[PDB]
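This report refers to the structure that appears directly beneath it.
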Amino acid sequence: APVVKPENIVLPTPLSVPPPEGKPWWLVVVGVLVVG
Amino acid sequence: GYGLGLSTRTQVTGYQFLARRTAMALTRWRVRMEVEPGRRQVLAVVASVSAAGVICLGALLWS
Amino acid sequence: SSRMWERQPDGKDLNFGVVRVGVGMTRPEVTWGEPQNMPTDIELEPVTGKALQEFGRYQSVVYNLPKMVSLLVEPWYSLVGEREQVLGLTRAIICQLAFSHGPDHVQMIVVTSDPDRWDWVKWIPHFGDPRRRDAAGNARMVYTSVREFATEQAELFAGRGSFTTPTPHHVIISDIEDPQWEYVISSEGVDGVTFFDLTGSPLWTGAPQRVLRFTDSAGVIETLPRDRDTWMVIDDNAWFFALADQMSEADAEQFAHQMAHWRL
Amino acid sequence: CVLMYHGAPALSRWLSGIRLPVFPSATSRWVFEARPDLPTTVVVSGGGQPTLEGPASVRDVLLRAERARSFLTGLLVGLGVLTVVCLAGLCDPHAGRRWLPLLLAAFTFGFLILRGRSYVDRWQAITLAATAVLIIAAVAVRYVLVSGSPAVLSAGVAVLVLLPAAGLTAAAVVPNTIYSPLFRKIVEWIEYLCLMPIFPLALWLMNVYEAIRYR
Amino acid sequence: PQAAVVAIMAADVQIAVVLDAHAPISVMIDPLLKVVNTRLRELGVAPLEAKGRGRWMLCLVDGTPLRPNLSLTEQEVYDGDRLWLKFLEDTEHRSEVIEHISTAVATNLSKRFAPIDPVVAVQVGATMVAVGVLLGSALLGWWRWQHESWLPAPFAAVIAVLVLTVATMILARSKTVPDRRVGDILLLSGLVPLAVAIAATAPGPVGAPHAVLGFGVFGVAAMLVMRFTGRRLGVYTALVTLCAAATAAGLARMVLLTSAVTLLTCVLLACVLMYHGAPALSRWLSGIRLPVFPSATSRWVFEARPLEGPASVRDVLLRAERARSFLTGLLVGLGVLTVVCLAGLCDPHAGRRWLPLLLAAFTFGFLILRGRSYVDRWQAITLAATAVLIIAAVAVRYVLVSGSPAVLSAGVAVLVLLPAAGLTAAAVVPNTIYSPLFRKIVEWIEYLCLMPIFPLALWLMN
Amino acid sequence: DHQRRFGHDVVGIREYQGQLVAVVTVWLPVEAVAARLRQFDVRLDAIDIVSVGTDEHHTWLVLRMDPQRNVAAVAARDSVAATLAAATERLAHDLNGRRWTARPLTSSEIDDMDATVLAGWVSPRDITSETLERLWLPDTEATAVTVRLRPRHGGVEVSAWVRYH
């Protein structure tokens with residue numbers, strides 16, 4: 001007769017990533033000045 | 001997630017990754033992806049285009 | 001491989017009283033241990049998180065395996081749906097039991113108002129009554145009414161306790177639509193006998209865990225989700241259970257002409 | 001078409017109606033035990049056979065993949081024909097500015113014939129290889145037909161008889177031999193190195209530089 | 001009632017039986033199995049068995065199973081048919097599921113299509129170098145046609161000798177595989193530059209002497225490769241047919257000063273005579289004891305198998321395969337010759353122009369005779385194809401150089417209507433059934449096309 | 001040539017440009033042997049009824065079968081000879097059972113049959129079906145009478161001829 005076996009397998013842990021905070025408003029002013 | 005809702009840049013790269021992985025699954029029939037020549041040669045295309053642009057600017061400076 | 005299942009409560013008893021009824025999902029033998037240390041939902045990376053969601057969703061089940069009904073856990077079953085769906089399933093059940101279980105372990109009864117649909121069962125030795133003999137051999141245990149029970153031997157038992165083994169396990173099949181069953185059949189049933197109510201009626205349908213309902217024309221059985229191991233109901237909501245292994249009268253007759261060849 | 005050879009897998013994904021998963025950006029619920037039930041294929045005869053169960057909606061991926069393959073094969077064939085036709089624009093003999101389109105042809109040859117490594121289906125690979133050699137064949141026949149120089153004739157017949165013979169020798173040798181990882185790496189890099197010049201050279205062919213040099 | 005006598009086969013045995021033609025197959029399969037098992041056990045042959053799970057079934061010899069609920073009759077079993085008895089292995093199993101799109105794509109493609117492989121790669125290289133060397137040889141021929149230079153002939157000779165030695169070395173060293181067709185492709189490819197090298201040595205302006213010399217030497221080489229190799233002989237049969245006709249024309253233009261029309265009408269006559277003679281000639285050429293290399297069908301029978309015994313079977317099969325291949329090559333060569341002569345005859349700007357159009361129509365019908373008569377699919381298709389190409393070639397030969405809307409409209413109209421009629425004869429006509437008498441009358445009409453050619457051949461000769 | 005096969009009888013075969021075999025049979029028999037030109041797989045070239053006598057009344061079937069029209073059948077079988085031997089045993093067993101018996105000839109007896117057919121002239125007849133039993137009647141020391149069946153189309157069409165002395 002055939003064979004069958006139970007098993008237990010832990011799934012791996014997903015990756016983590018810090019959400020970007022977003023650049024402050026003066027940085028945009030500085031960028032525009034630099035291009036100017 | 002229908003419609004034109006907002007998306008984060010980490011999702012933009014996540015989609016572009018799944019697009020490249022699907023393209024490699026399409027042209028080749030392997031998905032082991034530790035190295036990928038697709039990127040390398042589209043970078044070579046980018047080098048071609050940027051070199052043509054640069055020489056076009058270098059041509060502009062003559063009068 | 002015929003008639004190779006065994007009475008005794010070890011080993012084959014895991015499949016002695018159980019019948020394949022269809023095909024459908026089941027939970028795998030691999031058990032998915034929790035993905036511990038899940039990041040918080042703002043830190044969770046979209047791709048790997050979604051992929052793991054899909055893995056848990058789809059590797060939750062094996063698709064298109066045999067779906068089983070245990071005869072030892074319900075006092076009866078009642079079959080709700082179209083007539084030929086119900087009949088085809090019933091013929092399939094009968095032939096499954098006839099192949100898998102010998103006449104000395106399982107005996108069969110059909111109580112009907114339409115014996116032409118049941119004329120094929122005469123060949124199957126499990127319908128042979130060992131007590132009455134005729135020219136053709138053993139008497140066929142097919143009756144045209146519940147009142148036509150001149151047995152009285154399957155009707156002196158007590159109420160039934162669901163198994164967790166009687167000498168023959170009688171399987172009585174009814175499509176007579178007679179109010180007289182509720183006299184010899186209480187709310188709990190008879191000890192060594194399981195029943196199959198064709199032509200689903202409010203008398204037999206008083207337990208949704210016993211009702212196998214053809215919801216789609218192809219023979220999609222819905223019933224209650226049961227544990228793969230204990231056959232016990234896990235939750236009360238009716239859900240997809242199986243697509244029934246319906247079988248034609250000609251195939252049943254052909255199998256019966258095969259089974260009639262043997263006497264062991 | 002040079003750009004399009006790099007877009008051809010992505011476009012063949014997109015036209016086949018494969019769509020990559022949505023993302024749970026803000027919904028914050030990750031566990032769904034919905035266990036999608038079997039679609040059931042009715043036996044096409046209807047002849048009382050039991051119906052059969054397929055696993056889910058995802059069974060259409062098996063159709064969409066075969067469609068994507070058929071799109072991709074179509075793309076590569078079409079781009080092949082276009083690039084051969086475009087490299088038929090090399091009419092005049094190589095004296096003057098005319099070695100530049102010949103050089104461009106050589107570069108896009110080398111690019112395609114290496115590009116074939118990336119495509120594993122035999123008709124996509126053969127489509128690229130046949131495109132590559134057809135460039136050289138068309139260029140050579142146009143030189144020998146337009147020009148009446150016997151030296152051009154000798155060069156044309158020489159390349160026509162040697163180059164596919166060299167390809168045959170490469171096909172016989174390469175899959176049996178081992179090679180050094182360094183040689184393998186330079187046989188990668190020769191692809192990129194022969195790919196890169198084609199846009200500057202193309203702008204030389206349009207004389208974009210001279211017009212922008214003087215307009 | 002109707003009962004059909006049929007053969008049945010199983011267990012490397014064939015038995016003949018009479019089956020109750022209108023009873024369902026499910027009524028009869030079980031005792032037919034018992035009958036077969038009794039007969040096999042009586043023969044000392046190991047009887048049939050069920051292996052694992054599955055079911056017993058009957059098939060047509062083409063492989064399709066019969067519906068068990070249906071009788072013989074309504075699934076079109078007839079008396080004198082053959083049925084094949086099997087135990088079909090159980091088809092059902094769990095359906096797999098790959099939830100990730102990219103992995104599911106990769107696994108389905110890899111499972112279901114075939115990758116490039118070095119076995120294929122060598123054949124591709126051989127094909128491309130064949131195409132290259134035919135372009136080079138045709139190009140040198142074009143240059144010698146245009147210019148009087150003696151120097152192309154050494155180039156053609158040297159490339160021919162290099163590719164021929166390479167082909168010979170591959171055929172000798174690497175004969176061990178059916179990938180010796182690489183060598184066959186190279187040899188086919190390299191006989192052509194040899195032909196143009198010999199042809200270009202003829203001095204003076206190019207013409208008939210160059211043509212007769214090149215076609216003669218190429219046909220001679222194609223005849224030798226029969227006796228030395230005996231492989232891929234249909235294409236060489238077509239080539240030697242074409243070279244025989246071309247050499248006959250070249251000798252007619254050198255020994256005599258005959259006109260082109262006379263020679264084309266001679267060629268057409270030789271064609272229709274050879275079409276009549278081709279099957280007999282093929283059955284002759286079937287037994288020339290050339291080397292024995294099994295072609296694909298014979299190979300793929302001899303993998304399933306080990307004037308008496310199996311050696312007779314092997315010889316009968318190889319002999320038939322050679323016959324069929326010779327016949328197919330002949331018909332292709334004649335088809336080419338027939339269209340090229342009809343194209344050469346029907347100049348529109350000639351006073352006799354009405355006559356060769358009649359020759360075209362007569363030949364068209366005559367070819368359709370053979371097309372309906374000859375058994376092999378690709379020979380009937382050959383005959384039909386050449387018959388159509390007659391019409392197409394003469395139509396274009398008119399309408400290209402005859403600059404008139406009249407001939408244009410006539411050509412394009414017949415060019416679209418005529419193949420639609422050719423389709424119609426099988427598309428609407430029920431299974432192409434006609435009465436035997438009507439068939440024989442059509443055979444009479446297209447035979448009555450033939451004897452008008454004889455005086456017309458005399459009249460176009462003079 | 002000769003064979004004994006996995007079948008039941010020994011069978012003589014001759015070959016020259018295709019295979020030849022003959023069966024003897026022992027008033028009128030059935031005419032319907034035309035169907036056996038088209039067996040379940042093989043396709044025979046012709047069925048010829050042959051008869052000779054004065055006294056010495058002998059009656060024969062001689063069969064012609066081209067292997068090259070039958071290659072699809074022969075390829076399934078372990079010999080071309082075994083193929084035609086089986087097909088003639090089929091015809092013999094089909095004829096056998098009635099008052100008339102049938103067997104394949106041994107090739108020695110095939111040469112005997114050829115000798116007796118020779119034993120050392122009128123028109124072929126267009127309409128024949130009634131003729132056979134009276135066409136024996138003209139006075140001769142030897143008559144040979146024979147009928148031919150051939151597959152002109154999906155039917156079978158008939159010709160007969162005779163010679164005397």
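Ordering of the structure tokens sets the chain letters (A, B, ...), residue numbers begin anew at 1 in every chain, and ligands are numbered from 1 in the order given.
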- Task: Return as JSON, numbers by chain the full set of residues in segment 34-211 of chain C whose backbone-based DSSP assignment is helix (DSSP H, G or I).
- Result: {"C": [46, 47, 48, 49, 50, 51, 52, 53, 54, 55, 56, 57, 58, 83, 84, 85, 86, 87, 88, 89, 90, 91, 92, 93, 94, 95, 96, 97, 98, 99, 100, 115, 116, 117, 118, 119, 120, 121, 122, 123, 125, 126, 127, 181, 182, 183, 184, 208, 209, 210]}
Could those residues be written to a file, using C-alpha atoms, as a PDB file, in the first residue's frame?
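In the end it all went to part.pdb:
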ATOM      1  CA  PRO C  46       4.581  44.654  -0.435  1.00  0.00           C
ATOM      2  CA  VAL C  47       5.955  41.868  -2.647  1.00  0.00           C
ATOM      3  CA  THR C  48       7.034  39.327  -0.045  1.00  0.00           C
ATOM      4  CA  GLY C  49       3.990  40.038   2.091  1.00  0.00           C
ATOM      5  CA  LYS C  50       1.592  39.543  -0.804  1.00  0.00           C
ATOM      6  CA  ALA C  51       3.419  36.433  -1.995  1.00  0.00           C
ATOM      7  CA  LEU C  52       3.206  34.906   1.478  1.00  0.00           C
ATOM      8  CA  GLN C  53      -0.508  35.764   1.611  1.00  0.00           C
ATOM      9  CA  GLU C  54      -0.999  33.939  -1.677  1.00  0.00           C
ATOM     10  CA  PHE C  55       1.058  30.960  -0.514  1.00  0.00           C
ATOM     11  CA  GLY C  56      -1.014  30.609   2.644  1.00  0.00           C
ATOM     12  CA  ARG C  57      -4.190  31.027   0.613  1.00  0.00           C
ATOM     13  CA  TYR C  58      -3.473  28.466  -2.108  1.00  0.00           C
ATOM     14  CA  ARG C  83     -33.514  12.977  -9.309  1.00  0.00           C
ATOM     15  CA  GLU C  84     -30.885  11.642 -11.699  1.00  0.00           C
ATOM     16  CA  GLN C  85     -28.069  13.421  -9.837  1.00  0.00           C
ATOM     17  CA  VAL C  86     -29.209  11.749  -6.619  1.00  0.00           C
ATOM     18  CA  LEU C  87     -29.697   8.350  -8.267  1.00  0.00           C
ATOM     19  CA  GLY C  88     -26.331   8.491 -10.068  1.00  0.00           C
ATOM     20  CA  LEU C  89     -24.573   9.283  -6.804  1.00  0.00           C
ATOM     21  CA  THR C  90     -26.500   6.499  -5.088  1.00  0.00           C
ATOM     22  CA  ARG C  91     -25.420   3.943  -7.705  1.00  0.00           C
ATOM     23  CA  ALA C  92     -21.847   5.153  -7.302  1.00  0.00           C
ATOM     24  CA  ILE C  93     -22.034   4.750  -3.512  1.00  0.00           C
ATOM     25  CA  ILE C  94     -23.513   1.254  -3.841  1.00  0.00           C
ATOM     26  CA  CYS C  95     -20.828   0.089  -6.260  1.00  0.00           C
ATOM     27  CA  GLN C  96     -18.063   1.649  -4.127  1.00  0.00           C
ATOM     28  CA  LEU C  97     -19.308  -0.252  -1.071  1.00  0.00           C
ATOM     29  CA  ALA C  98     -19.774  -3.424  -3.134  1.00  0.00           C
ATOM     30  CA  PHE C  99     -16.206  -3.353  -4.435  1.00  0.00           C
ATOM     31  CA  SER C 100     -14.602  -2.241  -1.197  1.00  0.00           C
ATOM     32  CA  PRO C 115     -37.997  -0.585  -9.049  1.00  0.00           C
ATOM     33  CA  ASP C 116     -37.096  -0.201 -12.749  1.00  0.00           C
ATOM     34  CA  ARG C 117     -34.415   2.287 -11.733  1.00  0.00           C
ATOM     35  CA  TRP C 118     -33.167  -0.318  -9.240  1.00  0.00           C
ATOM     36  CA  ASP C 119     -33.360  -3.424 -11.402  1.00  0.00           C
ATOM     37  CA  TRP C 120     -29.569  -3.513 -11.786  1.00  0.00           C
ATOM     38  CA  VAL C 121     -28.946  -4.185  -8.081  1.00  0.00           C
ATOM     39  CA  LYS C 122     -30.218  -7.784  -8.338  1.00  0.00           C
ATOM     40  CA  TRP C 123     -26.789  -8.973  -9.524  1.00  0.00           C
ATOM     41  CA  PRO C 125     -24.359 -10.211  -3.895  1.00  0.00           C
ATOM     42  CA  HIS C 126     -24.639  -7.655  -1.078  1.00  0.00           C
ATOM     43  CA  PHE C 127     -28.381  -7.408  -1.754  1.00  0.00           C
ATOM     44  CA  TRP C 181     -40.130   5.726   8.618  1.00  0.00           C
ATOM     45  CA  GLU C 182     -40.454   8.000  11.672  1.00  0.00           C
ATOM     46  CA  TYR C 183     -41.992   5.069  13.580  1.00  0.00           C
ATOM     47  CA  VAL C 184     -39.157   2.562  13.207  1.00  0.00           C
ATOM     48  CA  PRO C 208     -27.922  19.898   7.970  1.00  0.00           C
ATOM     49  CA  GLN C 209     -24.745  17.882   8.638  1.00  0.00           C
ATOM     50  CA  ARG C 210     -26.652  14.958   7.083  1.00  0.00           C
TER      51      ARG C 210
END
- Message: Taking 6 positions as the minimum chain separation for residues in the same chain, which residues sit within 9 Å of segment 111-118 of chain F when counting only C-alpha atoms? Answer as a PyMOL selection string.
- Response: chain F and resi 51-53+60+105+143-144
Those residues with N, CA, C and O atoms, as a PDB file, in the first residue's frame please?
ATOM      1  N   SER F  51     -11.017 -24.267 -62.571  1.00  0.00           N
ATOM      2  CA  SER F  51     -11.527 -25.628 -62.616  1.00  0.00           C
ATOM      3  C   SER F  51     -11.059 -26.318 -63.890  1.00  0.00           C
ATOM      4  O   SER F  51     -10.863 -25.680 -64.928  1.00  0.00           O
ATOM      5  N   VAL F  52     -10.891 -27.637 -63.796  1.00  0.00           N
ATOM      6  CA  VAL F  52     -10.311 -28.439 -64.867  1.00  0.00           C
ATOM      7  C   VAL F  52     -10.905 -29.840 -64.757  1.00  0.00           C
ATOM      8  O   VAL F  52     -11.240 -30.304 -63.663  1.00  0.00           O
ATOM      9  N   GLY F  53     -11.062 -30.506 -65.897  1.00  0.00           N
ATOM     10  CA  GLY F  53     -11.557 -31.869 -65.893  1.00  0.00           C
ATOM     11  C   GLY F  53     -11.920 -32.326 -67.292  1.00  0.00           C
ATOM     12  O   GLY F  53     -11.560 -31.697 -68.286  1.00  0.00           O
ATOM     13  N   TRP F  60     -10.450 -25.122 -58.138  1.00  0.00           N
ATOM     14  CA  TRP F  60      -9.372 -24.420 -57.454  1.00  0.00           C
ATOM     15  C   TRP F  60      -9.718 -22.946 -57.302  1.00  0.00           C
ATOM     16  O   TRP F  60     -10.457 -22.376 -58.109  1.00  0.00           O
ATOM     17  N   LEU F 105      -2.803 -25.508 -50.675  1.00  0.00           N
ATOM     18  CA  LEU F 105      -1.896 -26.442 -51.330  1.00  0.00           C
ATOM     19  C   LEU F 105      -0.481 -26.319 -50.774  1.00  0.00           C
ATOM     20  O   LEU F 105      -0.017 -25.223 -50.453  1.00  0.00           O
ATOM     21  N   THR F 143     -10.823 -29.835 -70.520  1.00  0.00           N
ATOM     22  CA  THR F 143     -11.356 -28.486 -70.446  1.00  0.00           C
ATOM     23  C   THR F 143     -10.760 -27.805 -69.221  1.00  0.00           C
ATOM     24  O   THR F 143     -10.590 -28.428 -68.168  1.00  0.00           O
ATOM     25  N   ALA F 144     -10.406 -26.537 -69.381  1.00  0.00           N
ATOM     26  CA  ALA F 144     -10.036 -25.669 -68.273  1.00  0.00           C
ATOM     27  C   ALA F 144     -10.997 -24.494 -68.251  1.00  0.00           C
ATOM     28  O   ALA F 144     -11.135 -23.780 -69.249  1.00  0.00           O
TER      29      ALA F 144
END
- Pick out the residues sitting within 6 Å of segment 77-83 of chain F, and hand them over as number ranges by chain; count only C-alpha atoms, and ignore anything fewer than 2 positions along from it in its own chain. E: 308-310, 313; F: 74-75, 85-86
Dump N, CA and C atoms for the selected residues as a compact mmCIF listing (two decimals), in the first residue's frame?
# COMPACT_ATOMS: atom_id res chain seq x y z
N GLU E 308 11.19 -14.75 -46.12
CA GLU E 308 10.46 -15.25 -44.97
C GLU E 308 10.93 -14.51 -43.73
N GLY E 309 10.04 -14.42 -42.74
CA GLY E 309 10.34 -13.77 -41.49
C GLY E 309 10.54 -12.27 -41.57
N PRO E 310 10.96 -11.68 -40.45
CA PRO E 310 11.05 -10.21 -40.35
C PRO E 310 11.96 -9.53 -41.37
N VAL E 313 9.86 -8.42 -44.08
CA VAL E 313 9.09 -7.23 -43.72
C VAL E 313 9.94 -5.98 -43.90
N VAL F 74 1.45 -5.63 -43.96
CA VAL F 74 2.63 -6.48 -43.76
C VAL F 74 3.50 -5.96 -42.62
N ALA F 75 3.63 -4.63 -42.53
CA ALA F 75 4.47 -4.00 -41.51
C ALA F 75 4.04 -4.35 -40.09
N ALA F 85 -0.39 -16.22 -45.96
CA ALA F 85 -0.75 -17.52 -45.40
C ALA F 85 -1.95 -17.42 -44.48
N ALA F 86 -1.93 -16.45 -43.56
CA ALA F 86 -3.09 -16.19 -42.72
C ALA F 86 -4.33 -15.86 -43.53
- Query: Would you list which chain D residues are within 7 Å of chain C using only C-alpha atoms, as a PyMOL selection string?
  - Reply: chain D and resi 23-24+28+30-33+35+48+50-51+53+55
- Query: Between E:243, E:186, E:104, E:85, which has the minimum distance to chain B (counting only C-alpha atoms)?
  - Reply: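 For chain B, the nearest of the given residues is E:104.
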- Item | Residue with smallest distance to chain E - pool C:263, C:255, C:108, C:38, counting only C-alpha atoms | C:255
- residue 58 of chain B: which residues within 12 Å, counting only C-alpha atoms, same-chain residues fewer than 3 positions away excluded, as a ChimeraX atom specification? /B:51-55,61-63 /D:208-210,212-213
Next, write the just-selected residues to a file, as a short mmCIF file (atom, residue, chain, number, x, y, z; two decimals), in the first residue's frame, keeping N, CA, C and O atoms as the atom set.
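This went into result.cif:
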data_model
loop_
_atom_site.label_atom_id
_atom_site.label_comp_id
_atom_site.auth_asym_id
_atom_site.auth_seq_id
_atom_site.Cartn_x
_atom_site.Cartn_y
_atom_site.Cartn_z
N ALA B 51 25.14 58.66 -24.85
CA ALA B 51 26.27 59.08 -25.68
C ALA B 51 25.84 59.87 -26.90
O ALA B 51 26.46 60.88 -27.23
N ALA B 52 24.75 59.46 -27.56
CA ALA B 52 24.24 60.25 -28.68
C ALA B 52 23.78 61.64 -28.25
O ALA B 52 24.06 62.63 -28.94
N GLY B 53 23.10 61.73 -27.11
CA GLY B 53 22.71 63.02 -26.55
C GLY B 53 23.88 63.93 -26.25
O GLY B 53 23.88 65.12 -26.58
N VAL B 54 24.88 63.39 -25.54
CA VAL B 54 26.10 64.12 -25.24
C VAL B 54 26.77 64.64 -26.51
O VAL B 54 27.19 65.80 -26.57
N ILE B 55 26.94 63.79 -27.52
CA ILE B 55 27.58 64.27 -28.75
C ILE B 55 26.71 65.32 -29.45
O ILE B 55 27.24 66.27 -30.05
N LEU B 61 27.52 73.44 -29.46
CA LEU B 61 28.42 74.51 -29.04
C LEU B 61 29.21 75.15 -30.18
O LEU B 61 29.89 76.15 -29.94
N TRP B 62 29.13 74.62 -31.39
CA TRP B 62 29.85 75.23 -32.51
C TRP B 62 28.99 76.29 -33.17
O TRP B 62 27.77 76.14 -33.31
N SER B 63 29.64 77.39 -33.57
CA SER B 63 28.99 78.47 -34.31
C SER B 63 30.02 79.26 -35.12
O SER B 63 30.94 79.83 -34.55
N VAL D 208 22.92 64.62 -37.59
CA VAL D 208 22.34 65.44 -36.53
C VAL D 208 23.42 66.35 -35.99
O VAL D 208 23.20 67.54 -35.76
N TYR D 209 24.60 65.78 -35.78
CA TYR D 209 25.76 66.55 -35.36
C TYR D 209 26.07 67.70 -36.31
O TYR D 209 26.36 68.80 -35.86
N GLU D 210 26.12 67.46 -37.63
CA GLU D 210 26.43 68.57 -38.53
C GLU D 210 25.33 69.63 -38.61
O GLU D 210 25.63 70.84 -38.59
N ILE D 212 23.18 70.41 -36.18
CA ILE D 212 23.22 71.09 -34.90
C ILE D 212 24.53 71.86 -34.76
O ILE D 212 24.62 72.81 -33.96
N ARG D 213 25.57 71.40 -35.44
CA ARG D 213 26.83 72.13 -35.54
C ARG D 213 26.67 73.42 -36.32
O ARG D 213 27.52 74.30 -36.17
#
- Got a sec to pull out which chain B residues are within 6 Å of chain D, counting only C-alpha atoms, and send them as a PyMOL selection string? chain B and resi 23+27-28+44+48-49+52+56+59-60+62
Next, dump the selected residues to file, keeping only C-alpha atoms, as a PDB file, in the first residue's frame.
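This is the output file result30.pdb:
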ATOM      1  CA  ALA B  23      10.092  38.831 -18.545  1.00  0.00           C
ATOM      2  CA  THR B  27      12.145  34.564 -22.625  1.00  0.00           C
ATOM      3  CA  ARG B  28      14.026  31.999 -20.643  1.00  0.00           C
ATOM      4  CA  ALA B  44      23.992  49.308 -22.680  1.00  0.00           C
ATOM      5  CA  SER B  48      24.084  54.396 -26.398  1.00  0.00           C
ATOM      6  CA  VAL B  49      21.310  56.971 -26.067  1.00  0.00           C
ATOM      7  CA  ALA B  52      24.240  60.250 -28.680  1.00  0.00           C
ATOM      8  CA  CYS B  56      24.497  66.222 -29.888  1.00  0.00           C
ATOM      9  CA  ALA B  59      27.688  69.615 -31.652  1.00  0.00           C
ATOM     10  CA  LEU B  60      25.480  72.467 -30.425  1.00  0.00           C
ATOM     11  CA  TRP B  62      29.853  75.226 -32.505  1.00  0.00           C
TER      12      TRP B  62
END
Show me a table, sorted first by chain and then by increasing residue number, of the residues of chain E having an atom at most 8 Å from chain F, each with its shortest atom pair and the distance in Å to one decimal, counting only C-alpha atoms and written as JSON lines.
{"residue": "E:6", "atom": "CA", "partner": "F:40", "partner_atom": "CA", "distance": 7.0}
{"residue": "E:7", "atom": "CA", "partner": "F:40", "partner_atom": "CA", "distance": 6.1}
{"residue": "E:80", "atom": "CA", "partner": "F:40", "partner_atom": "CA", "distance": 5.0}
{"residue": "E:81", "atom": "CA", "partner": "F:40", "partner_atom": "CA", "distance": 6.0}
{"residue": "E:82", "atom": "CA", "partner": "F:40", "partner_atom": "CA", "distance": 6.4}
{"residue": "E:301", "atom": "CA", "partner": "F:75", "partner_atom": "CA", "distance": 7.8}
{"residue": "E:307", "atom": "CA", "partner": "F:81", "partner_atom": "CA", "distance": 7.4}
{"residue": "E:308", "atom": "CA", "partner": "F:79", "partner_atom": "CA", "distance": 5.9}
{"residue": "E:309", "atom": "CA", "partner": "F:79", "partner_atom": "CA", "distance": 4.6}
{"residue": "E:310", "atom": "CA", "partner": "F:78", "partner_atom": "CA", "distance": 5.1}
{"residue": "E:311", "atom": "CA", "partner": "F:79", "partner_atom": "CA", "distance": 7.8}
{"residue": "E:312", "atom": "CA", "partner": "F:79", "partner_atom": "CA", "distance": 6.1}
{"residue": "E:313", "atom": "CA", "partner": "F:79", "partner_atom": "CA", "distance": 5.5}
{"residue": "E:314", "atom": "CA", "partner": "F:75", "partner_atom": "CA", "distance": 8.0}
{"residue": "E:316", "atom": "CA", "partner": "F:71", "partner_atom": "CA", "distance": 7.0}
{"residue": "E:317", "atom": "CA", "partner": "F:71", "partner_atom": "CA", "distance": 6.3}
{"residue": "E:320", "atom": "CA", "partner": "F:68", "partner_atom": "CA", "distance": 6.2}
- Item | Interface residues on chain E facing chain C, 9 Å, only C-alpha atoms, written as a list in words | residues 26, 27, 30, 68, 69, 92, 93, 94, 95, 96, 97, 98, 99 and 100 of chain E
